[PDB]
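The structure file protein24.cif is reproduced below (mmCIF, C-alpha atoms and all ligand atoms).
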data_coords
#
loop_
_atom_site.group_PDB
_atom_site.id
_atom_site.type_symbol
_atom_site.label_atom_id
_atom_site.label_comp_id
_atom_site.auth_asym_id
_atom_site.auth_seq_id
_atom_site.Cartn_x
_atom_site.Cartn_y
_atom_site.Cartn_z
ATOM 1 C CA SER U 96 -11.576 -9.364 18.008
ATOM 2 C CA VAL U 97 -10.234 -6.145 19.568
ATOM 3 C CA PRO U 98 -12.105 -2.799 19.565
ATOM 4 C CA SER U 99 -10.191 0.210 18.269
ATOM 5 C CA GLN U 100 -8.970 2.758 20.811
ATOM 6 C CA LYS U 101 -7.903 5.449 18.327
ATOM 7 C CA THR U 102 -8.968 8.947 19.360
ATOM 8 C CA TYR U 103 -11.291 10.362 16.710
ATOM 9 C CA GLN U 104 -13.111 13.667 17.113
ATOM 10 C CA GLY U 105 -15.089 13.213 13.903
ATOM 11 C CA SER U 106 -17.428 15.673 12.239
ATOM 12 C CA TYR U 107 -18.953 16.880 15.513
ATOM 13 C CA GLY U 108 -15.729 17.489 17.459
ATOM 14 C CA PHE U 109 -16.435 14.794 20.048
ATOM 15 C CA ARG U 110 -14.218 14.525 23.125
ATOM 16 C CA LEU U 111 -14.411 13.802 26.847
ATOM 17 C CA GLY U 112 -13.910 16.050 29.848
ATOM 18 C CA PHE U 113 -13.216 15.355 33.506
ATOM 19 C CA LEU U 114 -13.737 17.301 36.713
ATOM 20 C CA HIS U 115 -10.816 18.530 38.831
ATOM 21 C CA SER U 116 -11.444 16.581 42.040
ATOM 22 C CA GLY U 117 -7.987 16.706 43.653
ATOM 23 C CA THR U 118 -6.039 13.949 45.382
ATOM 24 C CA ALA U 119 -7.173 14.103 49.012
ATOM 25 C CA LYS U 120 -7.273 10.760 50.818
ATOM 26 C CA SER U 121 -11.091 11.002 50.927
ATOM 27 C CA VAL U 122 -11.688 11.582 47.200
ATOM 28 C CA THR U 123 -13.895 8.959 45.545
ATOM 29 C CA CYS U 124 -13.097 9.666 41.881
ATOM 30 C CA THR U 125 -10.199 11.628 40.409
ATOM 31 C CA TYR U 126 -8.768 12.020 36.907
ATOM 32 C CA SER U 127 -5.080 12.364 36.005
ATOM 33 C CA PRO U 128 -4.514 14.268 32.726
ATOM 34 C CA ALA U 129 -0.799 13.412 32.801
ATOM 35 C CA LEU U 130 -1.627 9.684 32.869
ATOM 36 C CA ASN U 131 -4.976 9.912 30.990
ATOM 37 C CA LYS U 132 -6.222 7.754 33.835
ATOM 38 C CA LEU U 133 -9.321 7.772 36.038
ATOM 39 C CA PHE U 134 -8.937 6.530 39.640
ATOM 40 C CA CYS U 135 -12.150 5.613 41.426
ATOM 41 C CA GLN U 136 -13.630 3.662 44.300
ATOM 42 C CA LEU U 137 -15.851 0.626 43.806
ATOM 43 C CA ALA U 138 -19.402 1.443 42.636
ATOM 44 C CA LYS U 139 -18.977 5.202 43.136
ATOM 45 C CA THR U 140 -20.176 7.931 40.786
ATOM 46 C CA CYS U 141 -17.702 8.749 37.996
ATOM 47 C CA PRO U 142 -18.806 11.918 36.158
ATOM 48 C CA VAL U 143 -17.598 12.001 32.554
ATOM 49 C CA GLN U 144 -18.262 15.079 30.431
ATOM 50 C CA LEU U 145 -19.226 14.819 26.766
ATOM 51 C CA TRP U 146 -18.157 17.786 24.607
ATOM 52 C CA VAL U 147 -19.027 18.488 20.964
ATOM 53 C CA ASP U 148 -18.425 21.426 18.639
ATOM 54 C CA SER U 149 -21.781 20.921 16.907
ATOM 55 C CA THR U 150 -24.902 18.928 17.702
ATOM 56 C CA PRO U 151 -25.068 15.422 16.174
ATOM 57 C CA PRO U 152 -28.322 14.148 14.626
ATOM 58 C CA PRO U 153 -31.275 12.881 16.666
ATOM 59 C CA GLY U 154 -30.745 9.203 17.417
ATOM 60 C CA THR U 155 -27.024 9.561 18.103
ATOM 61 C CA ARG U 156 -25.860 7.431 21.040
ATOM 62 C CA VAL U 157 -22.905 7.201 23.446
ATOM 63 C CA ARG U 158 -21.429 3.765 24.226
ATOM 64 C CA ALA U 159 -18.936 2.729 26.916
ATOM 65 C CA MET U 160 -16.861 -0.464 26.790
ATOM 66 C CA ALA U 161 -13.865 -1.742 28.769
ATOM 67 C CA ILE U 162 -10.879 -3.590 27.291
ATOM 68 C CA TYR U 163 -7.640 -4.761 28.846
ATOM 69 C CA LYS U 164 -4.833 -2.311 28.179
ATOM 70 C CA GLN U 165 -2.023 -4.875 27.792
ATOM 71 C CA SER U 166 -1.810 -6.452 24.345
ATOM 72 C CA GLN U 167 -1.474 -10.018 25.668
ATOM 73 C CA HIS U 168 -4.889 -9.669 27.375
ATOM 74 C CA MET U 169 -6.796 -7.515 24.900
ATOM 75 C CA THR U 170 -8.780 -10.403 23.398
ATOM 76 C CA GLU U 171 -10.169 -11.350 26.836
ATOM 77 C CA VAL U 172 -13.617 -9.962 27.644
ATOM 78 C CA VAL U 173 -13.519 -7.582 30.622
ATOM 79 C CA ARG U 174 -16.145 -8.785 33.099
ATOM 80 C CA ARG U 175 -16.923 -8.801 36.793
ATOM 81 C CA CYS U 176 -15.128 -11.360 38.944
ATOM 82 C CA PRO U 177 -16.733 -14.606 40.181
ATOM 83 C CA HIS U 178 -17.596 -12.944 43.495
ATOM 84 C CA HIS U 179 -19.086 -9.670 42.295
ATOM 85 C CA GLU U 180 -21.107 -11.193 39.466
ATOM 86 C CA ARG U 181 -22.969 -13.162 42.187
ATOM 87 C CA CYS U 182 -23.435 -10.524 44.885
ATOM 88 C CA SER U 183 -26.999 -9.561 43.826
ATOM 89 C CA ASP U 184 -26.306 -5.817 43.635
ATOM 90 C CA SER U 185 -28.347 -5.353 40.457
ATOM 91 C CA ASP U 186 -29.921 -1.974 39.741
ATOM 92 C CA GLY U 187 -32.711 -3.775 37.871
ATOM 93 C CA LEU U 188 -31.233 -2.992 34.436
ATOM 94 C CA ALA U 189 -27.520 -3.835 34.294
ATOM 95 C CA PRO U 190 -26.691 -7.532 33.908
ATOM 96 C CA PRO U 191 -24.746 -8.687 36.979
ATOM 97 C CA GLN U 192 -21.723 -9.587 34.794
ATOM 98 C CA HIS U 193 -21.190 -6.043 33.451
ATOM 99 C CA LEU U 194 -18.293 -4.020 34.865
ATOM 100 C CA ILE U 195 -19.555 -0.610 33.672
ATOM 101 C CA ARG U 196 -22.971 0.753 34.624
ATOM 102 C CA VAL U 197 -24.671 4.054 33.894
ATOM 103 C CA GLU U 198 -26.333 5.708 36.895
ATOM 104 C CA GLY U 199 -29.677 7.434 36.682
ATOM 105 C CA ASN U 200 -30.566 6.979 33.012
ATOM 106 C CA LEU U 201 -33.675 4.912 32.360
ATOM 107 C CA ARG U 202 -32.828 4.846 28.630
ATOM 108 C CA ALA U 203 -29.537 3.032 29.205
ATOM 109 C CA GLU U 204 -29.213 -0.229 27.278
ATOM 110 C CA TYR U 205 -26.791 -3.042 28.085
ATOM 111 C CA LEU U 206 -25.379 -5.147 25.250
ATOM 112 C CA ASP U 207 -23.872 -8.621 25.309
ATOM 113 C CA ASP U 208 -22.364 -8.677 21.824
ATOM 114 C CA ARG U 209 -23.603 -11.784 20.036
ATOM 115 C CA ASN U 210 -20.300 -12.222 18.140
ATOM 116 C CA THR U 211 -17.549 -10.892 20.445
ATOM 117 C CA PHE U 212 -19.332 -11.518 23.787
ATOM 118 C CA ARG U 213 -18.093 -8.122 24.974
ATOM 119 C CA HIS U 214 -20.212 -5.966 27.267
ATOM 120 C CA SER U 215 -21.156 -2.361 26.732
ATOM 121 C CA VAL U 216 -23.661 0.202 27.968
ATOM 122 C CA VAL U 217 -25.182 2.775 25.625
ATOM 123 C CA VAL U 218 -27.369 5.868 26.192
ATOM 124 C CA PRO U 219 -28.929 8.470 23.888
ATOM 125 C CA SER U 220 -26.828 11.505 23.115
ATOM 126 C CA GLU U 221 -28.566 14.694 24.230
ATOM 127 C CA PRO U 222 -27.601 18.352 23.674
ATOM 128 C CA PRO U 223 -26.581 20.422 26.713
ATOM 129 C CA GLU U 224 -29.326 21.929 28.847
ATOM 130 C CA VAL U 225 -30.094 25.640 28.746
ATOM 131 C CA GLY U 226 -27.107 27.490 30.168
ATOM 132 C CA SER U 227 -24.819 24.437 30.050
ATOM 133 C CA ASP U 228 -21.964 23.847 27.616
ATOM 134 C CA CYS U 229 -21.659 20.051 27.910
ATOM 135 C CA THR U 230 -23.513 16.988 29.149
ATOM 136 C CA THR U 231 -22.352 14.511 31.789
ATOM 137 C CA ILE U 232 -22.774 10.732 32.068
ATOM 138 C CA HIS U 233 -22.372 9.154 35.505
ATOM 139 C CA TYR U 234 -20.573 5.788 35.287
ATOM 140 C CA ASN U 235 -20.004 3.156 37.986
ATOM 141 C CA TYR U 236 -17.258 0.515 37.939
ATOM 142 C CA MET U 237 -18.473 -2.600 39.724
ATOM 143 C CA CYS U 238 -15.213 -4.502 40.443
ATOM 144 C CA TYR U 239 -11.822 -3.561 41.851
ATOM 145 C CA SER U 240 -8.838 -3.689 39.517
ATOM 146 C CA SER U 241 -7.424 -6.253 41.974
ATOM 147 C CA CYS U 242 -10.431 -8.643 41.944
ATOM 148 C CA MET U 243 -9.175 -12.205 41.629
ATOM 149 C CA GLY U 244 -10.653 -14.133 38.730
ATOM 150 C CA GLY U 245 -11.773 -10.849 37.167
ATOM 151 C CA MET U 246 -9.474 -7.986 36.240
ATOM 152 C CA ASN U 247 -6.817 -9.638 38.432
ATOM 153 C CA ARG U 248 -4.656 -6.474 38.769
ATOM 154 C CA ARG U 249 -4.616 -5.959 34.972
ATOM 155 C CA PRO U 250 -5.125 -2.341 33.836
ATOM 156 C CA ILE U 251 -8.155 -1.576 31.691
ATOM 157 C CA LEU U 252 -9.167 1.167 29.290
ATOM 158 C CA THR U 253 -12.661 2.569 28.878
ATOM 159 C CA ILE U 254 -13.526 3.393 25.254
ATOM 160 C CA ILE U 255 -16.334 5.922 24.748
ATOM 161 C CA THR U 256 -17.837 5.985 21.263
ATOM 162 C CA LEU U 257 -20.266 8.418 19.685
ATOM 163 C CA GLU U 258 -22.454 6.357 17.323
ATOM 164 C CA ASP U 259 -25.226 6.983 14.838
ATOM 165 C CA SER U 260 -28.563 5.183 15.128
ATOM 166 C CA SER U 261 -27.198 2.085 13.309
ATOM 167 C CA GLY U 262 -24.117 1.917 15.527
ATOM 168 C CA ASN U 263 -21.689 3.409 12.991
ATOM 169 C CA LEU U 264 -18.732 5.350 14.364
ATOM 170 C CA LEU U 265 -19.027 9.135 14.720
ATOM 171 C CA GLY U 266 -16.366 9.782 17.369
ATOM 172 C CA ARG U 267 -14.140 8.022 19.870
ATOM 173 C CA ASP U 268 -12.174 8.822 23.028
ATOM 174 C CA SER U 269 -10.685 6.695 25.803
ATOM 175 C CA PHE U 270 -9.011 6.681 29.213
ATOM 176 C CA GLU U 271 -7.323 4.188 31.519
ATOM 177 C CA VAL U 272 -9.167 3.204 34.710
ATOM 178 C CA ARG U 273 -7.978 1.939 38.083
ATOM 179 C CA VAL U 274 -10.682 0.917 40.559
ATOM 180 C CA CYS U 275 -9.125 1.005 44.014
ATOM 181 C CA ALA U 276 -9.679 1.739 47.694
ATOM 182 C CA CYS U 277 -7.758 5.064 47.791
ATOM 183 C CA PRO U 278 -7.866 6.864 44.416
ATOM 184 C CA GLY U 279 -6.277 10.045 45.769
ATOM 185 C CA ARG U 280 -3.182 8.314 47.115
ATOM 186 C CA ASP U 281 -2.858 6.080 44.061
ATOM 187 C CA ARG U 282 -3.093 9.028 41.664
ATOM 188 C CA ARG U 283 -0.392 10.830 43.655
ATOM 189 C CA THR U 284 1.828 7.727 43.650
ATOM 190 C CA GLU U 285 1.523 7.070 39.926
ATOM 191 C CA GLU U 286 2.017 10.732 38.999
ATOM 192 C CA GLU U 287 5.161 10.797 41.142
ATOM 193 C CA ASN U 288 6.379 7.610 39.443
ATOM 194 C CA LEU U 289 5.838 9.240 36.041
ATOM 195 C CA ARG U 290 7.802 12.339 37.057
ATOM 196 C CA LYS U 291 10.618 10.192 38.458
HETATM 197 ZN ZN ZN J 1 -14.905 -8.132 41.755
#

Starting from the coordinates I provided, produce the structure as structure tokens.
Amino acid sequence: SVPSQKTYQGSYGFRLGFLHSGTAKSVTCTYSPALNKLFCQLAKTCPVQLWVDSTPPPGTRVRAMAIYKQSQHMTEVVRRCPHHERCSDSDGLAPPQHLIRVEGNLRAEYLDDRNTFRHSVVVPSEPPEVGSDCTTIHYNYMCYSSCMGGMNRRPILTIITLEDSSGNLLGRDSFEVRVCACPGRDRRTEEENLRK
């Protein structure tokens, strides 16, 4: 009733990477290594790098799923709030209830789990292009952390899993997410709070 969040590189050395976007007031997405936390604006591009030490088999996939970080909320499905699930901002593929979308991948699939009712979005794993050392998935988060009746100011984690063609686990990584109006200021504030 709760997905695992244990980091697991697995046989292929799977792990995530993030750009170094800084903390200017204007930044739309920024990652804090010290907090393992992504700060982003609503429905803005969040580039997440996928790194492996060796290429997994054809048919490998990469799944993203959100869970609440606090234990007393972890059994609750993370979903869009009653406002945003009705605002008709569909990309033609993502169900309007799903918090996490993938941008610009026509092979993305959206799952409503028939047993847990949790949402996820999955894409094929592909090796890096010629001259590149990793691949990047562009995610969008479609509600604010503060949305009433949805996340309701509760922190969430995103769990990224590398899966074989049957859905079996090959690798796992994760990061906290805050969706907010001013990611640069909020990253600076929370990093200062950690230091203090
Ligand atoms: Zn919302």

Task: Contacts of stretch 142-152 of chain U at 7 Å (all atoms listed in the file; same-chain gap of 4+ positions) as a ChimeraX atom specification - done: /U:107-113,222,229-234

- [ ] Please extract the residues at most 10 Å from ligand ZN 1 (chain J), counting all atoms listed in the file, and provide them as a list in words, using the chain letters and residue numbers of this document.
- [x] residues 137, 174, 175, 176, 177, 178, 179, 180, 181, 182, 192, 194, 236, 237, 238, 239, 240, 241, 242, 243, 244, 245, 246 and 247 of chain U

Open item on the list: If we count all atoms listed in the file and set the cut-off at 6 Å, which residues sit around stretch 256-273 of chain U, ignoring sequence neighbours fewer than 3 positions away in its own chain? Please answer as a PyMOL selection string.
Closed with: chain U and resi 102-105+109+131-134+154-158+240+251-253

So that I have them on file, write out the residues from the current selection with C-alpha atoms, as an mmCIF file, keeping the file's coordinate frame.
data_model
loop_
_atom_site.group_PDB
_atom_site.id
_atom_site.type_symbol
_atom_site.label_atom_id
_atom_site.label_comp_id
_atom_site.auth_asym_id
_atom_site.auth_seq_id
_atom_site.Cartn_x
_atom_site.Cartn_y
_atom_site.Cartn_z
ATOM 1 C CA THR U 102 -8.968 8.947 19.360
ATOM 2 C CA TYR U 103 -11.291 10.362 16.710
ATOM 3 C CA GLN U 104 -13.111 13.667 17.113
ATOM 4 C CA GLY U 105 -15.089 13.213 13.903
ATOM 5 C CA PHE U 109 -16.435 14.794 20.048
ATOM 6 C CA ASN U 131 -4.976 9.912 30.990
ATOM 7 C CA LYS U 132 -6.222 7.754 33.835
ATOM 8 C CA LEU U 133 -9.321 7.772 36.038
ATOM 9 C CA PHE U 134 -8.937 6.530 39.640
ATOM 10 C CA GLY U 154 -30.745 9.203 17.417
ATOM 11 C CA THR U 155 -27.024 9.561 18.103
ATOM 12 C CA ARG U 156 -25.860 7.431 21.040
ATOM 13 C CA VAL U 157 -22.905 7.201 23.446
ATOM 14 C CA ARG U 158 -21.429 3.765 24.226
ATOM 15 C CA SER U 240 -8.838 -3.689 39.517
ATOM 16 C CA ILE U 251 -8.155 -1.576 31.691
ATOM 17 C CA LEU U 252 -9.167 1.167 29.290
ATOM 18 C CA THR U 253 -12.661 2.569 28.878
#

Open item on the list: For a quick check of understanding, using only C-alpha atoms, which of U:217, U:122, U:195, U:277 has the smallest distance to residue U:162?
Closed with: U:195

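Atom CA of residue U:98 is found 13.2 Å from atom CA of residue U:165.
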
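The closest residue to residue U:169, picked from U:218, U:213, U:228, U:116 and counting only C-alpha atoms, is U:213.
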
Task: Atomic separation - atom CA of residue U:163 relative to atom CA of residue U:140, Å - done: 21.5 Å

Exercise on stretch 284-290 of chain U, axis-aligned box with 8 Å per side, report centre and edge lengths in Å to one decimal, as JSON:
{"center_x": 4.7, "center_y": 9.7, "center_z": 39.8, "size_x": 22.3, "size_y": 21.3, "size_z": 23.6}

TODO: Can you work out which one of U:280, U:97, U:221, U:209 has the shortest atom-to-atom distance to residue U:153, counting all atoms listed in the file?
DONE: U:221

TODO: Rounded to one decimal place, report the atom CA of residue U:215-atom CA of residue U:160 distance in Å.
DONE: 4.7 Å

TODO: Kindly indicate which residue among U:227, U:275, U:281, U:141 lies nearest to residue U:248, using all atoms listed in the file for the distances.
DONE: U:275

Task: Selected residue of minimal separation from residue U:167 among U:99, U:115, U:139, U:250, counting all atoms listed in the file - done: U:250

- [ ] Report the residues retrieved by the PyMOL selection byres (((chain U and resi 285) around 12) and not hetatm) from the displayed file, expressed as an MDAnalysis selection string.
- [x] chainID U and resid 118 126:134 273 278:284 286:291

- [ ] Could you tell me which of U:123, U:106, U:211, U:185 comes closest to residue U:173 if we count all atoms listed in the file?
- [x] U:211

- [ ] List, as a ChimeraX atom specification, every residue that the PyMOL selection byres (((chain U and resi 199) around 10) and not hetatm) selects in the file provided.
- [x] /U:186,196-198,200-203,232-234
